[PDB]
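Novice: show me the folded form of this:
(7 chains, ligands or ions: 11)
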Amino acid sequence: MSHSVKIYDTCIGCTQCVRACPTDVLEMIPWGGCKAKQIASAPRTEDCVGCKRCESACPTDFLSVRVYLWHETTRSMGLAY
Amino acid sequence: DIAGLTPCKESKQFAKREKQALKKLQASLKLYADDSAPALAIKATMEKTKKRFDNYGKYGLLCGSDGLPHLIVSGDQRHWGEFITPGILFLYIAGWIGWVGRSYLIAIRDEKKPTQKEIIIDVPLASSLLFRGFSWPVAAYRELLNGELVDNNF
Amino acid sequence: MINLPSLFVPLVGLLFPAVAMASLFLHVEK
Amino acid sequence: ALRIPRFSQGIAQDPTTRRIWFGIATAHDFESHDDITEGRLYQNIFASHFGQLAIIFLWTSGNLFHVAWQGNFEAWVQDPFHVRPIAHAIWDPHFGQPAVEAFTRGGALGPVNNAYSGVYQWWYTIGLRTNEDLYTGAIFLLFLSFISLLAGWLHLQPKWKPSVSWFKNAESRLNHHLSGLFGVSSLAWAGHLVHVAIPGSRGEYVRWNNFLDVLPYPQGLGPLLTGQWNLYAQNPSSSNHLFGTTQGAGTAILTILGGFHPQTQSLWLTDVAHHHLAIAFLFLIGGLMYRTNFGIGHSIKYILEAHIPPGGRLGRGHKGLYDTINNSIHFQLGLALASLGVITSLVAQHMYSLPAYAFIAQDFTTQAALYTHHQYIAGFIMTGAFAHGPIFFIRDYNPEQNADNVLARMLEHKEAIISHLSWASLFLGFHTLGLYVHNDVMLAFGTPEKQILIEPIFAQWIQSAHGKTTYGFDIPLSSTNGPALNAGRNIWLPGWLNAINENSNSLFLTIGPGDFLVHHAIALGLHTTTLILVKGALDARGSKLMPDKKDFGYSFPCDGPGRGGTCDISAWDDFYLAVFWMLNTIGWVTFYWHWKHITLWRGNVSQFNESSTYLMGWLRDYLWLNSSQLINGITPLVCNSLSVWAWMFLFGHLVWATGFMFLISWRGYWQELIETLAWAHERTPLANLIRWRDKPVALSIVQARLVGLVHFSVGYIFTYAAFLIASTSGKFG
Amino acid sequence: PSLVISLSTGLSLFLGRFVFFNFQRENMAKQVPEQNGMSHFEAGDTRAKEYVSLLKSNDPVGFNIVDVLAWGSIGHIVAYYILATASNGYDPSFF
Amino acid sequence: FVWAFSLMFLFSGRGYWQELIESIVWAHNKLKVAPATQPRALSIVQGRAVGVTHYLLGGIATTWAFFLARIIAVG
Amino acid sequence: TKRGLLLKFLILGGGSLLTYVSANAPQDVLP
Ligand code: CLA
Ligand code: CLA
Ligand code: CLA
Ligand code: CLA
Ligand SMILES: CC(=CC=C/C(C)=C/C=C/C=C(C)/C=C/C=C(C)/C=C/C1=C(C)CCCC1(C)C)/C=C/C1=C(C)CCCC1(C)C
Ligand SMILES: CC(=CC=C/C(C)=C/C=C/C=C(C)\C=C\C=C(C)\C=C\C1=C(C)CCCC1(C)C)/C=C/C1=C(C)CCCC1(C)C
Ligand SMILES: CC1=C(C/C=C(\C)CCC[C@H](C)CCC[C@@H](C)CCCC(C)C)C(=O)c2ccccc2C1=O
Ligand SMILES: CC1=C(C/C=C(\C)CCC[C@H](C)CCC[C@@H](C)CCCC(C)C)C(=O)c2ccccc2C1=O
Ligand SMILES: OC[C@H]1O[C@](CO)(O[C@H]2O[C@H](CO)[C@@H](O)[C@H](O)[C@H]2O)[C@@H](O)[C@@H]1O
Ligand code: SF4
Ligand code: SF4
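Specialist: Numbers count the residues shown, from 1 in each chain, chains lettered A, B, ... in the order given. Ligands and ions are numbered 1, 2, ... in the order given. The structure is reproduced below:
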């Protein structure tokens, strides 16, 4: 919000867990203690489109994201062209 | 007796139905079976819907206009077992479908890995928990509401 | 003159539309 | 890449076309979109629907204005024999010379289309008559419907307050309304029918001049204030009447006496007025029930609070239901919707068997395209009712502020609620459907007997304890006498509520096994319709698959694939999904009346009898019988009687069908070939440089669930529209 | 048959229970408390209610019924008139 | 009829009949009668599989009937 | 080619005379 879908979980470990999703998610930002110690929910999200490939894999244990962003550029949908 | 008319003992409209309609059945002056041994309108199909004469049994059975028979079942004058007689029957049969539903089920979730024993079937129909149903005298009508499925488990 | 009351279907069902399909192309721009 | 749409902002600089559509459908969503404050909002719905009342009088004006110079009236008030009234003059340059053929209808000159709205039997039925005497309508209503806008502005202008907090009282208002409004709104009507109208009905005229000189009697309001009322009701009307011209008139307003007549059915002259009067105490007695400063009456909490009937010692709270129905504005607009919804049909199911108009049923058309625009709507409401009470739960609502509290618990103990609802349907499902195939496997098979067919006992029952003095029958204490009433008799139930069987217009039609099904299949509708609305609502909040389904609740249609696979699981898309059964009940029900009526007019009734107890037949004779008239109306042999209708009726079948795209298409496939189809232009001469200002895209992933719908619907609702008319008009009936 | 004036007798039984307090203490409306202008804020909202104030004339102006309702109803309303009748007046017993 | 049952398979969401399938699954557990073999709604595209296939075996035999009934008997 | 503020002029004018007389007529030759 403008890209606000929560995939968070609690492990935020990313080995045999989740990577998939065009650019958007440059994480591994180890918070001072959470097991395989890499955490949060995103990096700078003003770049790419609206997947839920975002979970599909590696837990969000609650929801999982999808489209919810509304304010929606174009670069933010393939088609501005 | 009630809203429609009276039973079979008299029902004019009903009579006319017997008669034209079926019997036209007839309708085929011949159509060849002078002695021949197949084409069976001839014998019954009529006579099995037909020898069903001024008798069908006698059943009361109310019969409105056009004299197709209507079902009251309010437990009176004659009509009681057009719902209850075949009603408790529907109850008793089901419930001994699912008394055993809640049975070749509550017999598994235990021992060692019990995770789909059910896509095959352990005792077919249950053939063990089987009669538990006719072997319901009273049964769930007490032991459902007291103990086992007990409010606890509620 | 005789028999002539036909203007309140184009000024409406025709010309009023012209206005707004033009005009309201204010949604695009003004 | 500029900036535009003046309220939203995310929408405002979106380079595609969404820019547009989504503009024209966020407009009315005040609560939370850029421009808003709880002060703004309220008022921004207040001088909105002052923009209401306003548009309702430019409707009504013109209703009374395509009528006064053409569109027979100094006709149809000479005697209204069932031949083709008039709305307005149809004028399309596309018309052939068969302008001359009916379409062009008798009395008037150029072609026209006749009142199927009632108006024509109530601008008449409260007197209002003479064609020199008549040509007001707009003139007033409009010298009204402009004032309707004036407050709009006046009360929009800051200064002479538009009022902000003052919008959450109640007590004061509704302590005001259900007196000030309704009560006196009645009364004042009671006023009018009686001084100017009842005289205009049985008796004679009222001349625009005198209003003092006219006096229903010789010696005035006589006693009246003299508690002596009674001797209104003696020789009031008669029956050897000749409606509108006295002679067997008599003149003593009020009654409950006399009743039906082959010359007009319709509620008696008076009764619709002592009533209008009579209720007008109760609401005035009701109004004055709550505070409003002086210091009597009531505070609208403290009689909820710990009021509670079965609460008390059953551990189940009642906290500020007031500051949540009040702080909600959606709870508001959906206790509003329903009541209206439940009563929109009570209106429109009572408006038959008790129509209150001078020639209506015994018209039998206007009477059948008027029960339904009040059945459509009404169904159409209900949904919206159920749909703003699944928005309360998301935008408003407040778990910490409502809890142990009986609006909660309703949430909390919810899984059951949909189940003991769904258990109704599934039962009401296959059990109606055994009875109706069985009833159709048995015919076809040769055996009309064997047919399963239950009398509708508890139905007719209600009525042999009324007036359905059908072919005798005691009933233990009743018999058809010994005890009758004893405590009641020659007062009250006189000739009225005594229509009996009356094969013509008896009020109650004499019910059998045909009606013990539709009547269980209107019951499988509002049940199924509502397991989905109840459900739709009972968690716009969230659930297992989508737990945290919120901050936006309503229309977030779609979600990512995975989890189980997730879809139309916004409380909107269940509303979306709901509206199909509100369009399937509100069809079984309407469908039913008519077949019935149809047959119960220019002919039989045995017809619906043994031929509605099954299914095929519902399609064959009705559906297939009774369309006849219309379709061979474009006929290879020139445009005959109706043409508007049948072309509508196929316009009906297209708008419908063309729903489906929207509905089996799903933005993905559309957008992508528009990706190839917007490589054209760019790559083709005599169509280059030429820039769009909105980027070619395919419809939003909620939008098209709507549009297929808002499409499925007109088609559908524009098909029965033209179906019934196009066949209740011909007839035969 | 009907006591018609059985009950209009009856209803302004009660709204004279109305003729009340325009008279007796202080001003109108226990003076506009809260009406225009708008409550504290209040706010949930809000007050007041009081199971404890259904007295004050329970006893006194429960007579008000029998007023008009006696001698001024079935017994020919004020026979004791005269007080300027000539552009007309009377008035005259419909009873 | 079968055709006019397809639309329900064709026209609808999916975590819907889930959201529903649980209310069900709930009432199920109270009597102790459900969980084993995690009951689940239709596999997004299965759902489309049970559109289509029905929409056809509906919308088709409709005429297979419509036909044999207007060549048998006059014609 | 004096286009310096116009078009509103040619859309009352031109289009009140492709429709004023264009619909009216002195003796039908009807629909
Ligand atoms: C969505 C649609 C909508 C539409 C388009 C219509 C259209 C219609 N309805 Mg209707 N209706 C609707 C929703 C709608 N209704 C709903 C939701 C309800 C349930 C509440 C009804 C209940 C209803 C009834 C009961 C009837 C109609 C009737 C009608 C028809 C009469 C024309 C008319 O309404 O003029 C409307 C007229 C006005 C708006 C002006 C009159 C209003 C009066 C009461 C104002 C009083 C204010 C007064 C000045 C205060 C005086 C104070 C002082 C002088 C003392 C028309 C076909 C009538 C009919 O049967 O036709 C055959 C009638 O039967 N409707
Ligand atoms: C009687 C009144 C009532 C009132 C006062 C409101 C008020 C409101 N509704 Mg609402 N609603 C109602 C009845 C009402 N509703 C009913 C009966 C239903 C269904 C039965 C709905 C279903 C509904 C939905 C889904 C939503 C609202 C929303 C809203 C809010 C924004 C309005 C909006 O989005 O319009 C803007 C719409 C337009 C400017 C026009 C586009 C509308 C399309 C669909 C046209 C509809 C069919 C049309 C007549 C066919 C074309 C005509 C044809 C002849 C060419 C506003 C609070 C929105 C909301 O805020 O909820 C969170 C939204 O979600 N309503
Ligand atoms: C004519 C239609 C078709 C049928 C048969 C159904 C049936 C049903 N819909 Mg449905 N629906 C349809 C079209 C249909 N829908 C369409 C077009 C839409 C909108 C696009 C919807 C939108 C909708 C919603 C929102 C809901 C339903 C629900 C339901 C169920 C409600 C419970 C009930 O009515 O009794 C049960 C069912 C019947 C009477 C139908 C017959 C089912 C049995 C008898 C099958 C026959 C067995 C047969 C002998 C074996 C053949 C199978 C094979 C071995 C050959 C029911 C299964 C609701 C629900 O889920 O209820 C819990 C609710 O979710 N529908
Ligand atoms: C009755 C139908 C409705 C209509 C009109 C269409 C039309 C179309 N579909 Mg389609 N479709 C529908 C229902 C409909 N569909 C449904 C129900 C489904 C699935 C359930 C689909 C699944 C589908 C698919 C997969 C595809 C299409 C495609 C198409 C396009 C094919 C090219 C074409 O000939 O279009 C133009 C011609 C028409 C739409 C018919 C003529 C319309 C008439 C009434 C003339 C009106 C014009 C006139 C100027 C009106 C202006 C007057 C003013 C008052 C507005 C076309 C837009 C395809 C496509 O885009 O390929 C090109 C694509 O393959 N459809
Ligand atoms: C009075 C009555 C009734 C009824 C019934 C009823 C009384 C009904 C009701 C109904 C209602 C409804 C049906 C409503 C609904 C709605 C809802 C349920 C809502 C919901 C919601 C949601 C969704 C959430 C939140 C919000 C809201 C709340 C909105 C009756 C009476 C009678 C009778 C008949 C018999 C005889 C006698 C008499 C007396 C004559
Ligand atoms: C209700 C029902 C049924 C219905 C049904 C219906 C209502 C319908 C159905 C249908 C089916 C179908 C339909 C199938 C099939 C088929 C076929 C065989 C086909 C063929 C073909 C081909 C070859 C191809 C195409 C064309 C055609 C189609 C011809 C039933 C119910 C029930 C009950 C009560 C309970 C128990 C069970 C039962 C007994 C079951
Ligand atoms: C055809 C189609 C499209 C393509 C989008 C199209 C075809 C838009 C084409 C524009 C039409 C031709 C406009 C004609 C409408 C007029 C009535 C004018 C509208 C006026 C408004 C302001 C009301 C989708 O994007 C889509 C998305 C999701 C599910 C289904 C579908 C779908 O079926
Ligand atoms: C109605 C509907 C459902 C609900 C449909 C369901 C749950 C159908 C599956 C029901 C099964 C087939 C019943 C099976 C139970 C019996 C086989 C068990 C008893 C064995 C026999 C002896 C009876 C979806 O899951 C769905 C998914 C995606 C898009 C659209 C839809 C959709 O429209
Ligand atoms: O009413 C339509 C009728 O009028 C027209 C329109 O041009 O023109 C008439 O006006 C001229 C002017 O002198 C007359 O001489 C003659 O009536 C027509 O030219 C004519 O087309 C239409 O027939
Ligand atoms: S839950 Fe997803 S991405 Fe989140 S922390 Fe784990 S894998 Fe990282
Ligand atoms: S889930 Fe969202 S953020 Fe993640 S990759 Fe997909 S689009 Fe990008």
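Novice: every contact and neighbour count from this point should use C-alpha atoms.
Specialist: Noted.
Novice: of all the residues in chain B, which one is nearest chain D?
Specialist: residue B:71 (4.9 Å; C-alpha to the nearest C-alpha).
Novice: measure the closest residue to that residue other than its chain neighbours to ligand 11 for me?
Specialist: In space, and not counting its chain neighbours, residue B:71 is closest to residue D:454: 4.9 Å by C-alpha to C-alpha, 6 or more residues apart in numbering or on different chains. Distance of residue D:454 to ligand 11, given as C-alpha to the nearest ligand atom, to the nearest Å: 58 Å.
Novice: do residue D:522 as well
Specialist: Counting by C-alpha to the nearest ligand atom - residue D:522 and ligand 11 are separated by 45 Å.
Novice: can you tell me which residues contact residue 53?
Specialist: I'll assume chain A. Counting by C-alpha atoms under 8 Å, 6 or more residues apart in numbering or on different chains, residue A:53 touches A:20-21, D:560-561.
Novice: actually it's chain D I care about, not the one you picked
Specialist: Residue D:53 neighbours (C-alpha under 8 Å, 6+ apart): D:145, D:148.
Novice: helix, strand or coil for it?
Specialist: coil (DSSP: H, G, I helix; E, B strand; the rest coil).
Novice: in which helix or strand would I find residue D:410?
Specialist: Using DSSP states H and E, residue D:410 sits in no helix or strand.
Novice: distance of it from residue D:404?
Specialist: 10 Å (C-alpha to C-alpha, to the nearest Å).
Novice: so these two - more neighbours on which side?
Specialist: residue D:404 (17 against 13; other C-alpha atoms under 10 Å in any protein chain shown).
Novice: test my guess that that one contacts residue D:320.
Specialist: No: using C-alpha atoms under 8 Å, residue D:404 makes no contact with residue D:320, being 11.6 Å away.
Novice: what's the local residue count around residue E:37?
Specialist: Around residue E:37 there are 11 residues (other C-alpha under 10 Å).
Novice: which residues do residue D:404 and residue D:320 both contact?
Specialist: Contacts common to residue D:404 and residue D:320, judged by C-alpha under 8 Å, 6+ apart, are absent.
Novice: ok, back up a step: restrict the contacts of residue A:53 to contacts with ligand 6.
Specialist: With C-alpha under 6 Å from any ligand atom as the criterion, these include none near ligand 6.
Novice: any figure for the gap between the residue in chain D that ligand 1 sits nearest to and residue D:348?
Specialist: Ligand 1 sits closest to residue D:118 of chain D, with a gap of 3.0 Å, by C-alpha to the nearest ligand atom. Using C-alpha to C-alpha, we find residue D:118 at a distance of 12 Å from residue D:348.
Novice: just residue D:202 next, same as before
Specialist: Taking C-alpha to C-alpha as the measure, residue D:202 falls 26 Å from residue D:348.
Novice: who has more neighbours, those two?
Specialist: Neighbours per residue (other C-alpha under 10 Å) separate residue D:202 from residue D:348, with residue D:202 holding more: 25 against 18.
Novice: the more buried one touches residue D:245, doesn't it?
Specialist: Yes: Residue D:202 sits in contact with residue D:245 when judged by C-alpha under 8 Å, with a separation of 5.9 Å.
Novice: on that earlier part again, which neighbours do residue D:118 and residue D:348 share?
Specialist: residue D:370.
Novice: check which helix or strand the most centrally placed residue in chain F maps to.
Specialist: Closest to where the C-alpha atoms of chain F average out (C-alpha atoms, centre = their mean) is residue F:9, at 5.1 Å. Assigned by DSSP H and E, residue F:9 belongs to helix F:3-10.
Novice: need the residue closest to the centroid of chain E.
Specialist: Nearest to the mean C-alpha position of chain E, by C-alpha atoms, centre = their mean, lies residue E:16 at 1.9 Å.
Novice: relative to chain C, how far out is the residue of chain B closest to chain D?
Specialist: From residue B:71 across to chain C, the span is 60 Å (C-alpha to the nearest C-alpha, to the nearest Å).
Novice: near ligand 11, which residues of chain G?
Specialist: Among all residues of chain G, none is adjacent to ligand 11 (criterion: C-alpha under 6 Å from any ligand atom).
Novice: about what we covered before: buried subset of the contacts of residue A:53?
Specialist: Buried members of these, scored by 16 or more other C-alpha atoms under 10 Å in any protein chain shown, are D:560-561.
Novice: out of the contacts of residue A:53, who's nearest ligand 2?
Specialist: When those are compared for distance to ligand 2 (C-alpha to the nearest ligand atom), residue D:560 comes out closest, at 21.3 Å.
Novice: number of nearby residues for residue 10?
Specialist: The chain I'm using is chain A. Around residue A:10 there are 15 residues (other C-alpha under 10 Å).
Novice: oops, wrong one, chain G.
Specialist: Residues near residue G:10, counting by other C-alpha under 10 Å, number 11.
Novice: what about the closest residue to ligand 7 within chain G, how many neighbours?
Specialist: Per C-alpha to the nearest ligand atom, residue G:11 is where chain G lies closest to ligand 7, at 22.4 Å. As a burial measure, residue G:11 scores 15 neighbours (other C-alpha under 10 Å).
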